[PDB]
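Structure record follows, encoded as structure tokens.
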Amino acid sequence: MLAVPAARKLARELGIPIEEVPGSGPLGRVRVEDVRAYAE
Amino acid sequence: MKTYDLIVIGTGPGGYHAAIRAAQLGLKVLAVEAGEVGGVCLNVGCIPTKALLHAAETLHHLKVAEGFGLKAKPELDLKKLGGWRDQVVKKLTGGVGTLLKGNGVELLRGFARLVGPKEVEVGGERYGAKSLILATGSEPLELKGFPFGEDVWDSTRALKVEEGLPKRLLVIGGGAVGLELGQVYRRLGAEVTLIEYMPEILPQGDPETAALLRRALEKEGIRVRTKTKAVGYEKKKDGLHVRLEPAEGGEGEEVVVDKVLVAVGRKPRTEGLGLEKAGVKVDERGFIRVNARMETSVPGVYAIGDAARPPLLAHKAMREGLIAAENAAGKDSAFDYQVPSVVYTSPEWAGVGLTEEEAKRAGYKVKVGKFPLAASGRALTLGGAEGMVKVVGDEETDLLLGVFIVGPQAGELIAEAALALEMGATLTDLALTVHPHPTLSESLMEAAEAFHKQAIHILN
Amino acid sequence: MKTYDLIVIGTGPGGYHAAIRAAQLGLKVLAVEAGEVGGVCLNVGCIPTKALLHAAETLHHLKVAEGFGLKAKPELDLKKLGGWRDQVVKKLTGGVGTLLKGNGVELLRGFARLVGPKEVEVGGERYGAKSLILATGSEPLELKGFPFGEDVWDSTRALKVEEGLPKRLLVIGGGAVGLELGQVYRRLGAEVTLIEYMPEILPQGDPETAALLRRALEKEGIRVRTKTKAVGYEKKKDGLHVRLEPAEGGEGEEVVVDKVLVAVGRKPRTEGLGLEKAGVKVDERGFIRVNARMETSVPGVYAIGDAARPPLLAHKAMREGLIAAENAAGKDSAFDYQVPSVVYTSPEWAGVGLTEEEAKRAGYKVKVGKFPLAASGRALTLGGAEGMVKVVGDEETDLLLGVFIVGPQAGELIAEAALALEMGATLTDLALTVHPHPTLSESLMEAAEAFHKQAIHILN
Ligand SMILES: Cc1cc2nc3c(=O)[nH]c(=O)nc-3n(C[C@H](O)[C@H](O)[C@H](O)COP(=O)(O)OP(=O)(O)OC[C@H]3O[C@@H](n4cnc5c(N)ncnc54)[C@H](O)[C@@H]3O)c2cc1C
Ligand SMILES: Cc1cc2nc3c(=O)[nH]c(=O)nc-3n(C[C@H](O)[C@H](O)[C@H](O)COP(=O)(O)OP(=O)(O)OC[C@H]3O[C@@H](n4cnc5c(N)ncnc54)[C@H](O)[C@@H]3O)c2cc1C
């Protein structure tokens with residue numbers, strides 16, 4: 001799993017396991033948007 | 001008529017990159033060079049200029065060095081410095097020759113004229129190829145009232161510091177070239193005045209960091225006149241009496257210098273090439289028109305670097321050369337990258353991305369973070385810190401938009417900013433990256449933190 | 001009893017970052033410091049060592065500078081040097097003090113002792129708070145057979161070059177401390193011999209780039225004895241006769257020096273802290289046990305920096321302070337970052353991420369890209385082009401795994417690598433980033449290109 005720091009930071013503050021957030025790049029890079037997208 | 005897969009006109013940064021990348025892709029390549037291998041950058045631009053700056057900086061730092069017990073009575077031999085500068089150029093230009101040969105590229109010496117889309121003439125002989133890449137570079141832009149001559153130098157002549165340092169120098173142009181050469185001359189002992197027509201030097205870059213560079217240059221005795229233009233001059237017994245006036249016009253002042261350096265720009269070398277008759281479209285200023293694929297108006301003919309479009313930077317020409325070659329080789333490449341710009345003065349200046357103004361005009365909700373070098377432990381261990389890092393971003397998406405730096409090693413620190421932009425990093429990503437301490441690079445991290453009002457080494 | 005929302009023990013990089021970040025989050029903070037504010041890094045570590053290195057480099061470069069005409073008769077006054085060094089330290093520690101006060105943090109001078117998970121004793125007074133952050137740092141590790149004394153120095157004593165330079169020095173330890181102080185002494189005129197027990201210096205880093213640093217150090221006259229260990233010595237009329245043996249043992253050997261610097265590691269200052277009373281657990285090495293949130297075994301009590309766990313680096317301690325403060329503030333932060341490490345010798349060494357060995361062992365199909373500084377234009381304009389950049393990546397995914405650099409400014413260029421790793425960059429992203437030309441940072445871009453066998457300035 002590859003998640004930029006901003007996303008890992010936000011995932012925690014939301015109580016969301018980062019490894020559970022689906023990415024978006026050509027191959028899974030998790031962005032802040034994705035973490036929020038999963039949050040909703 | 002010898003034929004090839006590709007013919008490249010010019011072996012400058014853009015040219016030898018296109019030629020070598022093309023070779024790596026399996027194409028039979030012919031490279032034509034009318035002058036010195038390596039182009040402007042290696043011969044009369046980047047390289048010799050950076051070399052002179054390093055020597056000047058080594059000499060200059062000895063003053064501050066006295067502060068930590070380093071006593072010395074430095075004596076710089078200009079003839080020797082010129083020799084070294086030449087030795088450096090010879091190594092690098094010779095290296096390119098070796099490099100071209102090692103990739104199976106054919107190097108042809110001589111001026112090339114474009115006979116047609118797939119044909120070119122050199123020294124009488126004709127040569128053909130399915131693809132042509134135009135990389136002819138640029139040359140010093142002349143200034144009205146200050147024609148180049150014995151007392152009016154272009155950057156090339158200004159590089160030969162061994163042929164006579166003038167007591168007083170007037171530098172026209174507040175861009176990278178003018179600032180760098182002006183500082184070299186000042187540090188070598190000449191009095192230097194630099195004028196710039198726009199409100200601030202480095203008109204295209206961030207005004208705040210550019211102002212810090214100007215004030216730093218003035219502390220060294222370099223007289224920087226912004227919003228000023230040189231109208232004309234008259235040679236007299238005691239020197240060149242130059243008339244200056246405010247940019248918008250007005251009461252002028254007169255100064256006397258021994259030599260004038262004109263560095264107000266560059267002119268693309270696209271004349272007498274046949275581009276006209278060959279259907280290759282050139283714009284108002286002589287730049288070859290091209291799309292993101294570096295393709296001209298004529299299928300199979302590409303243009304790159306300084307001859308193709310601004311900014312006139314070496315790394316930009318190098319990348320365009322790669323893009324051009326790759327498309328000639330049949331791939332599908334396009335130029336869509338952040339291009340940084342650096343000024344190798346001391347302190348150095350570097351920028352990449354959007355300025356606050358460009359960002360706002362772009363519709364982003366602009367927010368900025370600043371960190372001064374005076375708060376950098378590393379900067380202090382280096383003898384003193386004057387400078388700052390400014391990050392520009394969108395406060396709603398937290399997306400980084402631009403980074404501007406003034407201080408030692410700015411040119412080295414901007415690459416991280418460039419990578420950041422390419423990777424779509426947010427200010428938080430930049431702030432959360434653990435930078436090594438103590439390093440100048442920490443200023444970028446702290447600037448990102450200042451953006452969120454939580455910098456640690458300065459009060460927010 | 002005075003109470004606060006948080007009590008931080010120690011004001012080194014970790015302590016003051018925690019104290020300040022906590023204050024920014026609205027907490028009432030008390031910071032306790034038993035010695036000098038700023039801790040090891042600012043007083044007897046990072047900063048003073050870097051200052052000495054810079055003075056030494058400035059001096060040493062003058063030799064090379066003769067190549068471009070700079071003639072000087074340099075004399076380095078060691079008393080003045082020591083003075084400047086003290087000035088830098090005082091300026092920075094005063095800075096931390098001003099910062100703590102400006103943030104509303106109360107500074108109490110004294111030695112703190114835990115009396116409970118929410119109370120501390122200082123000089124006899126009682127201070128309590130909901131959360132406690134332990135940032136007590138570390139101290140020089142003593143080597144069997146070489147107890148510290150007038151002739152056996154720790155890093156702190158080694159810093160005081162104004163107290164007289166020994167004619168011959170023996171450095172024990174090939175880590176960052178020994179390499180740096182050893183090169184400083186060599187550059188100031190002392191004969192130097194450094195001994196490392198392991199097969200290569202910087203055993204935790206890339207042996208390829210480490211070997212390049214060792215070789216550059218030997219070229220300056222520093223005798224580097226790897227796979228060797230100092231067993232002991234005896235003081236005689238002509239100096240210290242130290243016994244050396246192979247790492248595993250065997251044929252003894254003798255070397256005579258005037259002074260010995262022991263730099264084999266550090267010991268965490270966790271004793272007499274009243275820990276073994278509040279319930280806070282420590283491991284066998286003496287480090288306070290913590291999780292990724294920097295929480296110890298006692299809720300509300302946190303530990304950071306050198307006292308918590310290796311690596312014993314400043315930037316690491318700083319970030320951990322931020323994590324601890326944010327958590328004391330009721331947030332949810334955790335440490336999961338790439339930690340780079342730098343050696344400020346000349347050439348500098350820097351690394352971040354996985355070495356080839358660690359990556360292969362973890363199961364990645366490893367591929368490496370390399371770029372030598374002998375091929376760097378910028379390195380030439382700076383004089384000697386000694387060094388290289390090596391990138392380690394996954395051949396299957398093109399993902400960057402590690403970066404190692406040896407050369408000038410290695411420490412500044414490693415931040416870009418760290419950011420690359422944090423962002424999940426591939427070798428292609430590194431290569432697609434347009435680096436300024438000419439700059440040392442370009443070596444990283446070309447190393448990425450070499451990994452794909454398409455570098456331009458060297459043959460693939
Ligand atoms: C003083 C100075 C300092 C500079 N410093 C920097 C710096 O620090 N960083 C930076 O990024 N940029 C710098 N630049 C700009 C940089 O030099 C240019 O951006 C770069 O050289 C452009 O590369 P190019 O390959 O397009 O063209 P050029 O390097 O100009 O090369 C074109 C080549 O084509 C040859 N040629 C031209 N016409 C023909 C023809 N008809 N037939 C055959 N051969 C031909 C020329 O002789 C030449 O060798 C500087 C420029 C100057 C003048
Ligand atoms: C010679 C040398 C050079 C180094 N160079 C570098 C470098 O270039 N880069 C790098 O990253 N790292 C470097 N380091 C390591 C770096 O200095 C440490 O990693 C860093 O200082 C650790 O910060 P800290 O906050 O954990 O602890 P420390 O800085 O040790 O600070 C702990 C503080 O707590 C105080 N304290 C301790 N116990 C108590 C108590 N009971 N009550 C009150 N106060 C107390 C101490 O007096 C001290 O000020 C170097 C170390 C040395 C020795």
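If you're wondering about the labels, chains in the structure tokens are A, B, ... by order shown, residues count from 1 in each chain, ligands from 1 in order shown.
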Neighbourhood of ligand 2 at 6 Å, counting only C-alpha atoms and all ligand atoms, reported as a tab-separated table (two decimals) with N, CA, C and O atoms, in the first residue's frame:
```tsv
chain	number	residue	atom	x	y	z
B	437	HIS	N	18.17	17.13	9.73
B	437	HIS	CA	18.56	18.29	10.52
B	437	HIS	C	20.00	18.09	10.96
B	437	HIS	O	20.36	17.03	11.45
B	438	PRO	N	20.85	19.13	10.82
B	438	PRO	CA	20.48	20.44	10.28
B	438	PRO	C	20.80	20.58	8.79
B	438	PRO	O	21.91	20.25	8.36
C	9	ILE	N	10.11	17.11	29.91
C	9	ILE	CA	11.40	16.97	30.58
C	9	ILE	C	12.49	16.95	29.51
C	9	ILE	O	12.64	15.97	28.78
C	10	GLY	N	13.23	18.06	29.43
C	10	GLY	CA	14.30	18.20	28.46
C	10	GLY	C	13.95	19.18	27.36
C	10	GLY	O	12.82	19.17	26.87
C	11	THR	N	14.91	20.02	26.98
C	11	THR	CA	14.68	20.99	25.92
C	11	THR	C	15.62	20.81	24.73
C	11	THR	O	16.11	21.79	24.16
C	12	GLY	N	15.88	19.57	24.35
C	12	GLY	CA	16.70	19.32	23.18
C	12	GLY	C	15.72	19.35	22.02
C	12	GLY	O	14.56	19.69	22.23
C	13	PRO	N	16.14	19.00	20.79
C	13	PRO	CA	15.28	19.00	19.61
C	13	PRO	C	13.89	18.39	19.86
C	13	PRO	O	12.88	18.95	19.44
C	14	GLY	N	13.85	17.25	20.54
C	14	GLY	CA	12.57	16.61	20.83
C	14	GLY	C	11.75	17.39	21.84
C	14	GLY	O	10.58	17.70	21.62
C	15	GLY	N	12.36	17.72	22.97
C	15	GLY	CA	11.66	18.44	24.01
C	15	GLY	C	11.06	19.78	23.59
C	15	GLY	O	9.88	20.01	23.82
C	32	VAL	N	11.13	21.53	31.61
C	32	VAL	CA	12.19	21.47	32.61
C	32	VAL	C	13.51	21.07	31.96
C	32	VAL	O	13.57	20.08	31.23
C	33	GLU	N	14.56	21.83	32.23
C	33	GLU	CA	15.88	21.58	31.66
C	33	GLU	C	16.96	21.64	32.74
C	33	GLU	O	17.13	22.66	33.39
C	34	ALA	N	17.70	20.55	32.92
C	34	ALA	CA	18.75	20.48	33.94
C	34	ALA	C	20.07	21.14	33.55
C	34	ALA	O	20.87	21.48	34.42
C	35	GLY	N	20.30	21.30	32.26
C	35	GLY	CA	21.54	21.91	31.82
C	35	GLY	C	21.32	23.06	30.87
C	35	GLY	O	20.58	24.00	31.17
C	36	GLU	N	21.96	22.99	29.72
C	36	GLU	CA	21.82	24.04	28.73
C	36	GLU	C	20.60	23.78	27.85
C	36	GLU	O	20.34	22.65	27.44
C	37	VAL	N	19.86	24.85	27.58
C	37	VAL	CA	18.68	24.79	26.74
C	37	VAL	C	19.12	24.44	25.32
C	37	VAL	O	20.16	24.91	24.87
C	38	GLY	N	18.33	23.63	24.63
C	38	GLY	CA	18.68	23.25	23.27
C	38	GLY	C	19.26	21.85	23.19
C	38	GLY	O	19.44	21.31	22.10
C	39	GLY	N	19.56	21.26	24.34
C	39	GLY	CA	20.09	19.91	24.38
C	39	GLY	C	21.42	19.65	23.69
C	39	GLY	O	22.22	20.56	23.45
C	40	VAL	N	21.65	18.38	23.35
C	40	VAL	CA	22.88	17.95	22.71
C	40	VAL	C	23.13	18.53	21.32
C	40	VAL	O	24.20	19.08	21.06
C	41	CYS	N	22.13	18.44	20.45
C	41	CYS	CA	22.25	18.94	19.08
C	41	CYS	C	22.75	20.38	19.01
C	41	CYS	O	23.69	20.68	18.28
C	45	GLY	N	26.50	18.83	19.92
C	45	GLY	CA	26.30	17.86	18.87
C	45	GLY	C	26.28	18.42	17.46
C	45	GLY	O	27.29	18.90	16.95
C	46	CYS	N	25.11	18.35	16.83
C	46	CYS	CA	24.91	18.81	15.46
C	46	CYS	C	25.59	20.12	15.11
C	46	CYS	O	26.48	20.18	14.27
C	49	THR	N	29.60	20.83	15.77
C	49	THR	CA	30.33	19.97	14.84
C	49	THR	C	30.22	20.48	13.40
C	49	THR	O	31.20	20.49	12.66
C	110	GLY	N	16.42	22.89	36.17
C	110	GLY	CA	16.58	21.93	37.24
C	110	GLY	C	16.51	20.52	36.70
C	110	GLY	O	16.29	20.32	35.51
C	111	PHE	N	16.70	19.55	37.59
C	111	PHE	CA	16.67	18.15	37.21
C	111	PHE	C	15.33	17.57	37.66
C	111	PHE	O	15.07	17.47	38.85
C	112	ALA	N	14.50	17.18	36.70
C	112	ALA	CA	13.19	16.62	37.00
C	112	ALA	C	13.26	15.13	37.36
C	112	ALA	O	14.16	14.41	36.91
C	113	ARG	N	12.32	14.69	38.19
C	113	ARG	CA	12.21	13.31	38.64
C	113	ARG	C	10.74	12.93	38.69
C	113	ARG	O	9.94	13.66	39.27
C	135	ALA	N	11.90	13.61	27.30
C	135	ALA	CA	12.85	13.90	26.23
C	135	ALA	C	14.23	14.14	26.84
C	135	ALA	O	14.86	15.15	26.58
C	136	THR	N	14.69	13.19	27.63
C	136	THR	CA	15.97	13.31	28.32
C	136	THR	C	17.25	13.07	27.51
C	136	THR	O	18.35	13.32	28.01
C	137	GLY	N	17.12	12.57	26.28
C	137	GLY	CA	18.29	12.37	25.44
C	137	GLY	C	19.27	11.26	25.79
C	137	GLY	O	18.95	10.32	26.51
C	138	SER	N	20.49	11.38	25.25
C	138	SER	CA	21.51	10.37	25.49
C	138	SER	C	22.87	10.97	25.84
C	138	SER	O	23.03	12.19	25.88
C	155	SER	N	32.95	12.94	22.31
C	155	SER	CA	32.71	13.96	21.30
C	155	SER	C	32.72	15.37	21.86
C	155	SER	O	33.23	16.29	21.21
C	177	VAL	N	29.65	10.46	13.93
C	177	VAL	CA	30.46	11.25	14.85
C	177	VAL	C	31.96	11.11	14.61
C	177	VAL	O	32.66	12.10	14.43
C	273	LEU	N	15.56	8.95	36.94
C	273	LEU	CA	14.49	9.78	36.42
C	273	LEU	C	13.19	9.48	37.16
C	273	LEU	O	12.17	10.12	36.92
C	305	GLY	N	12.72	10.95	21.08
C	305	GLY	CA	14.13	11.12	20.80
C	305	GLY	C	15.07	9.99	21.20
C	305	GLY	O	14.68	8.82	21.24
C	306	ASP	N	16.31	10.37	21.50
C	306	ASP	CA	17.35	9.42	21.89
C	306	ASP	C	16.97	8.58	23.10
C	306	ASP	O	17.47	7.47	23.27
C	307	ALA	N	16.09	9.09	23.95
C	307	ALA	CA	15.69	8.33	25.13
C	307	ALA	C	14.66	7.27	24.81
C	307	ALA	O	14.46	6.33	25.58
C	312	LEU	N	19.49	7.61	16.72
C	312	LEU	CA	19.73	8.79	17.54
C	312	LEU	C	20.00	10.00	16.66
C	312	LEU	O	21.12	10.50	16.59
C	313	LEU	N	18.95	10.48	16.00
C	313	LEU	CA	19.05	11.62	15.10
C	313	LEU	C	18.13	12.76	15.54
C	313	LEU	O	17.10	12.52	16.17
C	314	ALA	N	18.50	13.99	15.20
C	314	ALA	CA	17.76	15.18	15.57
C	314	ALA	C	16.39	15.32	14.89
C	314	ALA	O	15.38	15.48	15.57
C	315	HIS	N	16.36	15.28	13.56
C	315	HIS	CA	15.08	15.41	12.85
C	315	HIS	C	14.08	14.36	13.33
C	315	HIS	O	12.87	14.63	13.39
C	317	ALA	N	13.99	13.03	16.42
C	317	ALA	CA	13.54	13.49	17.73
C	317	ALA	C	12.51	14.61	17.62
C	317	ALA	O	11.51	14.63	18.35
```
Considering only C-alpha atoms, extract the chain B residues located within 6 Å of chain C and return them as a ChimeraX atom specification.
/B:51,68-77,80-81,84,315,381,412,415-416,419,433,435-437,441
Please report, as a PyMOL selection string, each residue of segment 146-242 of chain B to which DSSP assigns strand (DSSP E) when run on this structure's backbone.
chain B and resi 152-153+168-172+191-195+223-225+228-236+239-242
Residue hits in chain A, query chain B, radius 7 Å, only C-alpha atoms, as a list in words:
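The complete set of qualifying residues is residues 4, 5 and 6 of chain A.
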Save out the residues we just selected, N, CA and C atoms, as a tab-separated table (two decimals), in the first residue's frame.
```
chain	number	residue	atom	x	y	z
A	4	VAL	N	0.19	8.84	0.58
A	4	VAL	CA	0.92	10.07	0.85
A	4	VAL	C	0.67	10.42	2.32
A	5	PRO	N	1.63	11.10	2.96
A	5	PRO	CA	1.50	11.48	4.37
A	5	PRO	C	0.17	12.18	4.72
A	6	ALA	N	-0.26	13.13	3.88
A	6	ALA	CA	-1.50	13.85	4.14
A	6	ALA	C	-2.69	12.89	4.29
```
Extract, using only C-alpha atoms, all DNA, RNA and protein residues at most 9 Å from residue 182 of chain B, discarding same-chain residues fewer than 5 positions from it, and format them as JSON, numbers by chain.
{"B": [169, 170, 171, 177, 187, 192, 193, 194, 222, 261]}
Please produce a file of the residues just selected, as a compact mmCIF listing (two decimals), in the first residue's frame, where the atoms kept are C-alpha atoms.
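Done, and the output landed in result-v3.txt:
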```
# COMPACT_ATOMS: atom_id res chain seq x y z
CA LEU B 169 30.56 48.64 -15.17
CA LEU B 170 26.96 49.31 -16.17
CA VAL B 171 24.76 46.24 -16.44
CA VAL B 177 22.51 36.77 -16.86
CA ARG B 187 33.44 40.54 -6.41
CA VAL B 192 28.80 47.89 -10.61
CA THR B 193 25.46 49.48 -11.35
CA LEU B 194 22.61 47.39 -12.72
CA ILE B 222 26.01 46.73 -6.39
CA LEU B 261 27.06 44.90 -20.40
```
Looking only at helix (DSSP H, G or I) from DSSP on the backbone, list the matching residues of segment 5-196 of chain C as a ChimeraX atom specification.
/C:13-24,39-43,46-68,78-102,155-158,161-163,176-187
Just the residues within 10 Å of residue 165 of chain B, please, counting only C-alpha atoms, with nothing from its chain fewer than 3 positions along; format it as a PyMOL selection string.
chain B and resi 78+158+160-162+168-169+185+188-190+258-259
Residues as selected, C-alpha atoms, written as a compact mmCIF listing (two decimals), in the first residue's frame, can you do that?
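The resulting again11.txt:
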```txt
# COMPACT_ATOMS: atom_id res chain seq x y z
CA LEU B 78 42.60 36.53 -13.34
CA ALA B 158 31.93 39.60 -20.31
CA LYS B 160 36.73 36.91 -20.43
CA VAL B 161 37.63 38.57 -17.11
CA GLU B 162 41.33 38.07 -17.93
CA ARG B 168 33.19 50.82 -13.54
CA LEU B 169 30.56 48.64 -15.17
CA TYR B 185 32.49 41.73 -11.65
CA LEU B 188 36.40 40.86 -8.74
CA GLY B 189 36.69 44.51 -7.67
CA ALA B 190 34.83 46.67 -10.17
CA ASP B 258 34.00 52.36 -18.53
CA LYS B 259 32.06 49.46 -19.97
```
Just the number, please: distance in Å from atom 33 (C, counted along the ligand's line) of ligand 1 to atom CA of residue 140 of chain B, one decimal.
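It comes out at 13.5 Å.
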Using only C-alpha atoms and all ligand atoms, the best pick from B:328, B:263, B:201, B:231 as closest to ligand 1 would be B:263
